[PDB]
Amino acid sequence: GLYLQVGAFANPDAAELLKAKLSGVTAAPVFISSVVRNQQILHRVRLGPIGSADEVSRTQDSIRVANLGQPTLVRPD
């Protein structure tokens, strides 16, 4: 499965809001992965798993149309 990251935030409310907005533009699962980085909590807003490269492309397009960020492929850890 393929995964996108749409943003990463120190403010968890910003991450939750972006997650909620993304659910309106994609059918793929949207989730927050929070990690410790540089002595702070970083809330990463991600989606997937997406089943194909073509669906990834169209999902990136939909996110840009919605002005929700510049989504990039990531691999989960």
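We number the residues from 1 along the sequence you see.
Per the PDB record, of the two stretches 21 to 29 and 52 to 60, 21 to 29 carries the greater mean B-factor over its C-alpha atoms. Ranked against the other modelled residues of its chain, the C-alpha B-factor of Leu2 as given in the entry falls in the lowest third. Among the modelled residues of its chain, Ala8 has a C-alpha B-factor that falls in the highest third, as given in the PDB entry. Among the modelled residues of the chain, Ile41 sits in the middle third by CA temperature factor in this PDB entry.
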